[PDB]
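J.: Once you've had a glance at the structure underneath, I'll fire off some questions.
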Ligand SMILES: COc1ccc(/C=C2\SC(=O)N(CC(=O)O)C2=O)cc1
Ligand SMILES: COc1ccc(/C=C2\SC(=O)N(CC(=O)O)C2=O)cc1
Ligand SMILES: COc1ccc(/C=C2\SC(=O)N(CC(=O)O)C2=O)cc1
Ligand SMILES: COc1ccc(/C=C2\SC(=O)N(CC(=O)O)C2=O)cc1
Ligand SMILES: COc1ccc(/C=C2\SC(=O)N(CC(=O)O)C2=O)cc1
Ligand SMILES: COc1ccc(/C=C2\SC(=O)N(CC(=O)O)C2=O)cc1
Ligand SMILES: COc1ccc(/C=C2\SC(=O)N(CC(=O)O)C2=O)cc1
Ligand SMILES: COc1ccc(/C=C2\SC(=O)N(CC(=O)O)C2=O)cc1
Ligand SMILES: [Cl-]
Ligand SMILES: [Cl-]
Ligand SMILES: [Cl-]
Ligand SMILES: [Cl-]
Ligand SMILES: [Cl-]
Ligand SMILES: [Cl-]
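Chains as they are written, first to last, in the entry's author numbering: chain B, 55 to 365; chain A, 59 to 365; chain B', 55 to 365; chain A', 59 to 365. A prime marks a further copy of an entry chain.
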């Protein structure tokens, strides 16, 4: 019913938080975006978050956001689950974005707790209750960005709603175990923990940044059983990706791989030259064929980069 | 002018009151600002966190700033909260706020979508040039501390009025001892910041309730007894994240309707009972409005998501 | 190429300018809307204009507009051609709406010349040139509403662009003939002329209001050859529909037929009581089975009607 | 007050000038308004058709009104164009315009999506109560005449200041003889309307160019010779739909940049040559700005769709 739709989200192991690429004037580069999503599908990504933090949703106008979701459903909705990031620190915005995203056929919603303008436990519950009934929902707990832990009592209460698909959890393995042991579906939101969460702590899978770069490896990591060697091989890449706040790393890497133009909407700027040289090295160690795109990786010069505040 | 901002000691982060349908209650808002002016508030932040700026549409945001300037601009400095975690938004909001004649802008570092030091600087540089700016460091909400090196660099811009600082007295002192203007962002620390650490003043929530006392606290010299008298009120206000407390208190005082834009909801019954007690201990005449304080029933509160 | 897509629009004979139904609080009633579109499909409507004048596009927020298009493509795009009304008297708006509507998978755009803020012939050309390249486009000439005839020299110039599908023409049969005789595809925008335009003046078909009520009859009228008797039978209905400006009639009729709630976004208000009584009579003469819905037609009381300015 | 609006004789429908990137040129805009004030314009419509209101975003619309009020509100009456063919939009724009302190609203009947007489009345009734309102009848643009019966009914509302009428002198006289304030909306008829038909004044495009002359025309009594002197300039201005002419002329006079938001484009070269001639016949000192009038090349013009 609504049951089957929620179940469809719950069964996904590899969800890519897809990067939004830009044209030199700062508008969406839909061609490059379409290529990224095709690559994700071809390498076994089962879902995509559209316009999340990795996708710089907070930098979009609301129409762009609604357009990108609609676009993703229309082009790829039969080949991958499309999960719109329709959350907000404003309940009103979360309501409208969520209903519009479902009306347009997205398969689920990702909902963060109100950040910056944080609220009480009662308010957080009230917030989630306005959107939980609209369709399959992933609750996103990322206290390092929201500055407010979504406590277990909120998660467990929400999980009585059949539309609550599960949790993107970033607090760690202990918090993951706490939920999975009670049968709540958890996706790890931390690339560098998702192997252990998957195989040691009952996590269903990952909502991933790293899969933007190496979707095949991330798929292996989530499906083919424990593999501490593969996990260790990815760690330097993951450390490189998160040395500045996401999505600064993935934006830089995808430019370097030639699959997105070197165009940044502020307030994001690329990793400096020395870090770009590091990246070339990491690609060589892991093998360029494992990374998205066909073009030889480039370091890029500082002045290849376009930084835009007005677009 | 920047110097005009720099000399302010009492800036109120004004609450935005609502009509039962969720729209702004301009009449109540006007009354709150008048009350602030009458009791010596020298500035107002319009549509900051206390003002629930993040729940406004952009037009309501621009309208409220313009409205405040038109009605009160000759009587109080009007500082628009025109910041955002989006550089594009901050740019547009700031230049529109200035074009409407606001006296200054309050800019936070990008929250949630946090960036690098270089990205933070870039962000600030797109707006700092547009007019007098207060930089807002509130790491407990942004989850990213604006480091001293950033502040010192921004302070070379003559449009940088100063810092609303929340880290504490040591960070306050680090700036004020270098002649950087600081307003404390923490009501429960602002007395000590003001008299012991060189802070110019406070950007205050508590002044929404007791503007007279907060004025005394900032102008009339050290007074640890007044400070101690206010602490229970401050502790009550901040037991849930601002502005839940001030929203609840202003409803209880009868100066704002009991109408909350989600995701905020009022303090529970027992806390409202506590509030009535605190008003009696401090004395009702010190709190905004004339109406006898009420406890209110839970069903008095309107919680709105669609407005 | 782009050729095939334009050709797909050109081959449509029955395009319904679909009414947008509302809930009592003034929001879209997507359930009722979905039922209307299903009815249109089941009775041989081949295309739908989403958010045109009949659909009260001018009363929508931009996100609602983008949402409705995306929604229509997602739910019905495989069963009917979805033509977004993405035009505007503002070139900037027309540009954004058009590209967003195409990104979301709509099959064509309907573009009016700038109304109210009318421009020169040169400006009208410049306006159309910004959006013509984005995909299959129907140019809409309705001088009775725009207060500015799109002259033949503009139409003929635009028709050199392979994305120009054809014209929704309202000036009349002579203007229709002028274009069709040169091989330009024309849809009549006047229900009470579309039979003659179709069979006597080379028009491909109709972009229709009346088909909201009697889709089967309108389909017959456009496919099954000349039929002056059927045409005469529909005339009283069409006269009733247009006695106040569209969409006042169709909003009233659909309420009366029980397929849309009696909810009007201002500045539209329903036809008065005596006209609603007339409508019941017209349904009886033509036969209720020919009209959309299953519910017995009602007159409705004045106070069944909800009129909303704030929604 | 409504009476304050009613007494205005010269209202300029002010042009909105642009920067090369398509954004508002506030500096040039401020200069245009100053010039209007200096030469006796008593009101300004902000973001009407001449002001290309239909090309603005809603925030730019709200910002420009607020800006005009803040900068010029003490020196000139500011009438926001807050109307729309959407009742919801008109409601929001009007109440936000008033909250920002505009003196009046100009409301058109719903155009393009035209409605019934009853719908038109309903539309007007949602906004008339909010403050002093000028009702705008321009059937050549709306494709729907506001009938006298509608005007007479609205005129019972004390907030109805009057009518900007474009139908002609007979319609003007029909209202003014009943003591309804009318401003002519047709520059080439406003002299006769003013002196022969009881019109109070003009809501003018031509005053953007020659504000001094338009003032004389409205205040200093019948002057068929001045009227005849202006007619060639008026005929030039309106050979393409307003504001194509005024946009072109202000670019030629050097007081606005040659930047057009689509779907407007400038008059062709030969018309710009005509313009230079008309300026010489009338005398350059009568036209806004100090710069010698230029013809400009076609490639001087920036046409923008994405701004
Ligand atoms: C994704 O969620 C949202 C996206 C956009 C909005 C925009 C609004 S709300 C409103 O009334 N106005 C007009 C005004 O306030 O004047 C807006 O433009 C609200 C929610
Ligand atoms: C105030 O702190 C809390 C209050 C309530 C809870 C709720 C819990 S804990 C748990 O495992 N389950 C599932 C079960 O036991 O079936 C819950 O629903 C947690 C924290
Ligand atoms: C080397 O790094 C940079 C050097 C210069 C810039 C300049 C920018 S970015 C932006 O939004 N604006 C405002 C505007 O474009 O109006 C600028 O001036 C950015 C980065
Ligand atoms: C406070 O600053 C801002 C407020 C609103 C915006 C929104 C924009 S910009 C643009 O082009 N569009 C149309 C579209 O992208 O569909 C928008 O809706 C940007 C900045
Ligand atoms: C369908 O086409 C459009 C829909 C919406 C827009 C909205 C705009 S444009 C812009 O800059 N801003 C922010 C500001 O101006 O502050 C907006 O909100 C433009 C086009
Ligand atoms: C200034 O008036 C006009 C100027 C040019 C035209 C263009 C025409 S007329 C016609 O039939 N065709 C097709 C053809 O002849 O192949 C045209 O392209 C019409 C009016
Ligand atoms: C019998 O016909 C009618 C009777 C009363 C109304 C009232 C309305 S409609 C609207 O927008 N507003 C403004 C608001 O709701 O704020 C009203 O007061 C409409 C029609
Ligand atoms: C000038 O008056 C208006 C200006 C803008 C609006 C836009 C609105 S209202 C609303 O809810 N939303 C969000 C949504 O519908 O997605 C909007 O964008 C309405 C009136
Ligand atoms: Cl692989
Ligand atoms: Cl308001
Ligand atoms: Cl006191
Ligand atoms: Cl049939
Ligand atoms: Cl501006
Ligand atoms: Cl003069």
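From the three backbone atoms N, C-alpha and C, an ideal C-beta is built for every residue, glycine too.
With a Cβ-Cβ cutoff of 8 Å, do residue 224(B') and residue 200(A') count as a contact?
T.: No, Cβ-Cβ distance for residue 224(B') and residue 200(A') is not below 8 Å.
J.: Determine the burial state of residue 94(B'): buried for a count of at least 16 other Cβ atoms within 10 Å of its Cβ, exposed for fewer.
T.: buried
J.: Starting from the N-terminal side, write out each stretch of the alpha helix (DSSP H) that is 4 residues or longer and does not extend beyond the region 68–96 of chain B.
T.: 84–96
J.: Does any residue of chain A' have a CB that is nearer than 8 Å to the CB of residue 252(B')?
T.: no
J.: Please confirm whether residue 124(B') has its beta-carbon closer than 8 Å to some beta-carbon of chain B.
T.: Chain B, which has a Cβ nearer than 8 Å to the Cβ of residue 124(B'), makes this yes.
J.: Mind checking whether residue 312(A') and residue 270(A') have CB atoms under 8 Å apart?
T.: No; because the gap between Cβ atoms is not below 8 Å, this pair is not in contact.
J.: Find the residues of chain A that neighbour residue 128(A'), judging by a C-beta separation of less than 8 Å, and give them in chain order.
T.: The answer, in chain order, is 124, 127, 128, 131, 158, 159.
J.: With 7 Å as the limit, tell me which residues of the region 75–109 of chain A' have their beta carbon closer than that to any beta carbon of chain A; keep them in chain order.
T.: 84
J.: Would you verify that the beta carbon of residue 163(A') is, or is not, closer than 8 Å to some beta carbon of chain B'?
T.: no
J.: For ligand 2, is there any heavy atom lying closer than 7 Å to the beta carbon of residue 206(B)?
T.: yes
J.: Is residue 350(A') close to chain A? Criterion is C-beta to C-beta, closer than 8 Å.
T.: no
J.: At least one CB of chain A' closer than 8 Å to the CB of residue 117(A): is that the case?
T.: yes
J.: Contact criterion: CB-CB distance below 8 Å. Does residue 192(A') meet it with respect to chain B'?
T.: No, its Cβ sits nowhere closer than 8 Å to a Cβ of chain B'.
J.: Please list the partners that residue 321(A) has in chain B, where partner means a Cβ-to-Cβ separation under 7 Å.
T.: 145, 168, 173, 177, 178, 180, 181
J.: Of the residues 315(A'), 139(A'), 183(A'), 132(A'), which one's Cα is nearest the Cα of residue 214(A')?
T.: 183(A')
J.: Which partner residues of residue 150(B) appear in the DSSP bridge assignment?
T.: BP columns for residue 150(B) are empty, so no partner.
J.: From 63(A'), 119(A'), 331(A'), pick the residue whose C-alpha is nearest to that of residue 140(A'); which is it?
T.: 119(A')
J.: Can you name the residues that DSSP bridges to residue 218(B)?
T.: 191(B)
J.: Output the boundary residues of the beta strand (DSSP E) element that contains residue 135(A).
T.: 135–139
J.: Can you list, in chain order, every residue whose CB sits closer than 6 Å to a heavy atom of ligand 4?
T.: 115(B), 117(B), 118(B), 116(A), 146(A), 147(A), 150(A), 151(A), 150(B')
J.: As a quick exercise: from 305(A'), 335(A'), 314(A'), pick the residue whose alpha carbon is nearest that of residue 325(A').
T.: 305(A')
J.: As a quick exercise: from 315(A'), 274(A'), 209(A'), 318(A'), pick the residue whose alpha carbon is nearest that of residue 45(A').
T.: Any property of residue 45(A') remains undetermined from this structure, which presents chain A' solely from 59 to 365.
J.: Compute the Euclidean distance between the alpha carbons of residue 154(B) and residue 121(B'), then round it to the nearest angstrom.
T.: Each residue's Cα considered, the two are about 6 Å apart.
J.: Is any heavy atom in ligand 8 found nearer than 7 Å to the beta carbon of residue 154(A)?
T.: no
J.: Could you work out which residue in 162(A'), 150(A'), 97(A') is closest to residue 126(A') when comparing CA atoms only?
T.: 162(A')
J.: Tell me whether residue 48(A'), by its Cβ, gets closer than 7 Å to a heavy atom of ligand 14.
T.: Because chain A' in this structure spans residues 59 to 365, residue 48(A') falls outside the shown range and cannot be described.
J.: Can you name the residues of chain A' whose CB is closer than 8 Å to the CB of residue 310(B')?
T.: By Cβ distance, chain A' contributes nothing, its closest Cβ being about 17 Å from residue 310(B'), past 8 Å.
J.: For residue 73(A'), which residues of its own chain have a beta-carbon under 7 Å away from its beta-carbon, when the five flanking residues on both sides are left out?
T.: Answer for residue 73(A'): 90, 108, 109, 266, 301, 304, 305, 308, 314, listed in chain order.
J.: Would you list the one or two residues that DSSP bridges to residue 163(A')?
T.: Under the DSSP definition of a beta bridge, residue 163(A') partners with 138(A'), 191(A').
J.: Since residue 239(B') and residue 193(B') should fall inside the 8 Å C-beta cutoff, what is the C-beta to C-beta distance between them, to a whole number of angstroms?
T.: Rounded, the Cβ-Cβ distance is 10 Å, inconsistent with contact.
J.: If you scan the region 251–298 of chain B from start to end, which runs of the alpha helix (DSSP H) of 4 or more residues do you find wholly inside it?
T.: Whole alpha helix (DSSP H) segments, 4+ residues: 269–277, 282–295.
J.: Between residue 69(B) and residue 104(B), how many whole angstroms is the CB-CB distance? I'm expecting something under 8 Å.
T.: Actually they do not touch by this definition, with Cβ atoms about 11 Å apart.
J.: How many whole angstroms separate the CB atoms of residue 245(B') and residue 292(B'), which I take to be in contact at a CB cut-off of 8 Å?
T.: 5 Å
J.: Assuming residue 112(A) contacts residue 124(B) under a Cβ cut-off of 8 Å, what Cβ separation, rounded to an integer in Å, is found between them?
T.: The beta-carbon distance between residue 112(A) and residue 124(B), rounded to whole angstroms, is 26 Å. This is too long to meet the 8 Å contact definition.
J.: How many angstroms separate the CA atom of residue 272(A') from the CA atom of residue 66(A')?
T.: So the alpha carbons of these two residues sit roughly 13 Å apart.
J.: With a cut-off of 8 Å, does the C-beta of residue 327(B') fall near any C-beta of chain A'?
T.: no
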